[PDB]
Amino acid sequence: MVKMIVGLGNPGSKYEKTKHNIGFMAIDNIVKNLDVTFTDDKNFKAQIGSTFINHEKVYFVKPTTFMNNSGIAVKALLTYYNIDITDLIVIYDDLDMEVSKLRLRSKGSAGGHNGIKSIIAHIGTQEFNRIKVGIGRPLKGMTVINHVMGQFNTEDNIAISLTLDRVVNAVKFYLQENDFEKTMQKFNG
């Protein structure tokens, strides 16, 4: 009945172009496509848009707790609406994929990603559905922070935009089928 779709990132003008905000960018593209408007929530520290698709109510969420606190918002939202982990999708930047690459997974450990780390620690599992967008592989010796805090190279803007459009379609397919596994089969590769 209720779907919780979360895009990760950091609030504030200075973070807006960072690769670590690919989740925010994805959610933005999704709601614009779906004609869904945001509202900076009074209960939750997040930007939230929702709408009924058929008989289901879908929430599109951009936590504004800062990335390392994403789990607090996710857990609050799951608890508030009595939504099980299985009804979750998290959209975010993969730390070790070529830029604009798209991958759907239903698992994976945090691997240095502070948002995913927070979510895992708050909902108690790494077994949750993910739509990952590649931001580039870090060079040897490069720290996670300056890897994800950098902006996208201008030659990559088009690839990123193309990928985000694909994320919109994956979400729609997912909603149509209420099956993330089929969505993974339909979109991976």
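The first residue of the sequence shown is number 1, and the count goes up from there.
Averaged over CA atoms, B-factors in the entry run higher in 45-53 than in the other of 45-53 and 142-150. Between 30-38 and 125-133, the higher mean Cα B-factor belongs to 30-38. Based on the entry's C-alpha B-factors, the most elevated value among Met97, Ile116, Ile72, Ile85 belongs to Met97. Sorting the modelled residues of the chain by their CA temperature factor places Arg105 in the lowest third.
The deposited CA B-factor of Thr18 belongs to the middle third of values across its chain.
In this PDB entry, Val2 carries a Cα temperature factor that places it within the highest third of its chain's modelled residues.
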